[PDB]
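Rule-based calculations on the coordinates, nothing more; no lab input. Cβ: placed from backbone, ideal geometry, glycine included. Neighbour counts: every protein chain shown.
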There are 12 protein chains.
Amino acid sequence: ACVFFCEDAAXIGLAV
Amino acid sequence: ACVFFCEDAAXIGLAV
Amino acid sequence: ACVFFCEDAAXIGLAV
Amino acid sequence: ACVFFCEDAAXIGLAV
Amino acid sequence: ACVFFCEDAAXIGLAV
Amino acid sequence: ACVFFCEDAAXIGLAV
Amino acid sequence: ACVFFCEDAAXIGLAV
Amino acid sequence: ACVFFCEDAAXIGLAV
Amino acid sequence: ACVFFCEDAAXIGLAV
Amino acid sequence: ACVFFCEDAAXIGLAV
Amino acid sequence: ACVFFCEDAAXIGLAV
Amino acid sequence: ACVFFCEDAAXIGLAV
């Protein structure tokens, strides 16, 4: 999978 | 966040 | 390029 | 939450 | 009228 | 996998 | 806006 | 939104 | 202390 | 975090 | 001076 | 605190 850096607030690494 | 369209199988929107 | 659908608030398409 | 397509003009997604 | 999906940046629905 | 809408020209559903 | 990296615990990006 | 790293030659962050 | 990037899920910095 | 003072028109404290 | 990552569009290293 | 990226010359992270 890959890590995306997205604002969820905070910006975190989401693994997809 | 972004919406990804991915297999979970069925295809769904994913909140990224 | 690709079209992504992400929240910026509103949900919009983005050209990548 | 749900996404609705609404006028803001332009048509955009609103997250509610 | 009709909705067109165009990049204005963001891609949004424009009513014509 | 996921499906992204990308120009290949035509815009198509790219499978990845 | 800018991205700041700050501790909130975790270190996260913040949109400013 | 998500932050992508893309070339525009000149590698930049992209607000998606 | 040091900052490590770890799963909490999301990927975040941890201060140790 | 740091406290910033930013407008969102409406000047507020921001938790960064 | 310091370098901040800010959208100018692209995200770039702003020198201040 | 926040991490700033600043000249000390070399560039370093600063704990703010």
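Quick look at the values:
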| item | result |
| --- | --- |
| Residues of the stretch C:1-12 satisfying the condition of being part of a strand (DSSP E or B) and more than 9 Å from chain D (Cβ to nearest Cβ) | C:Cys2, C:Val3, C:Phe4, C:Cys6 |
| In the stretch F:6-16, the residues that are surrounded by 12 or more Cβ atoms within 10 Å (Cβ to Cβ) and either farther than 15 Å from C:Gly13 by Cβ or in contact with a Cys (Cβ under 6 Å, 6 or more places away or on another chain) (or both) | F:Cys6, F:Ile12, F:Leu14 |
